[PDB]
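Two forms of a single protein chain come next, each set out by itself as structure tokens; they are called structure 1 and structure 2.
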Structure 1
């Protein structure tokens, strides 16, 4: 198969700690504001060994395409220039992002019918829960 338990269109159901997460990420007040207006739909899709996550909103349409284990450059939603590496372990996708000597983790896994994304920075954890569209 491949990475097939993540594939689909996902819609945000509940967010918690995300603004505080971005405070720890070092994101400025104005950007934190815009970032918390948007409640994007996450759209996942896999071709061969390349996975794609498309956060698609009115304000911003981002899209990362990654080979898995291979380092790629990313511009994050909040306007960071990052180097990311994505790993699959224990049924979970672990994305690490590094920039200006800093590192954060975005772990995406299934619970049951839902997909949970946790972002972690210096012991602030954000938790967003998506369900299927």
Structure 2
């Protein structure tokens, strides 16, 4: 888990407006969210992992234990059930709500944190680097 610890700044985004659309995100929300360029701050305190996201759009924060399901209000205000695991060296988050799901894979790849989000066939990719 310590490989993910640090402050990370957005470096690139691809197909994100398409992903948010499949999730159900509204037009005006999709617009300011794409313009954000947020900083992802990941920390660990004992067995508790915290993933914070900061921008002018929104500031969210989840705190969780690996493999323990938790309630989460997403940045676009969906109420979901979330489970995060360590799986092939990546942090894999599955979010479930209203019979649907999406998967948010966070992995290391050289000096980059690579976040890929999938929702029944629509994939977006966001690369972060160390701020």
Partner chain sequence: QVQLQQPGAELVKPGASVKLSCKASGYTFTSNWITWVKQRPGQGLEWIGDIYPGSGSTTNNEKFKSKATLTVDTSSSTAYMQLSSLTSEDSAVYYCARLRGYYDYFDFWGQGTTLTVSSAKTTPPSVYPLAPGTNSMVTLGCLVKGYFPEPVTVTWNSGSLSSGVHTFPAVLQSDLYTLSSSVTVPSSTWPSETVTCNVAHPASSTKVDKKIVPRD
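Numbering follows the first chain given and starts at 1. Here the rigid core means the biggest group of C-alpha atoms that line up within 1.5 Å when the two forms are laid on top of each other.
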item	value
Structure number of the form solved in complex with the partner chain	1
Per-residue C-alpha deviation between structure 1 and structure 2 [residue 37; rigid core superposition; Å]	2.6
Rigid-core-fitted C-alpha displacement of residue 21 between structure 1 and structure 2 (angstrom)	0.4
Angstrom displacement of the CA atom of residue 60 between structure 1 and structure 2, core fixed	1.3
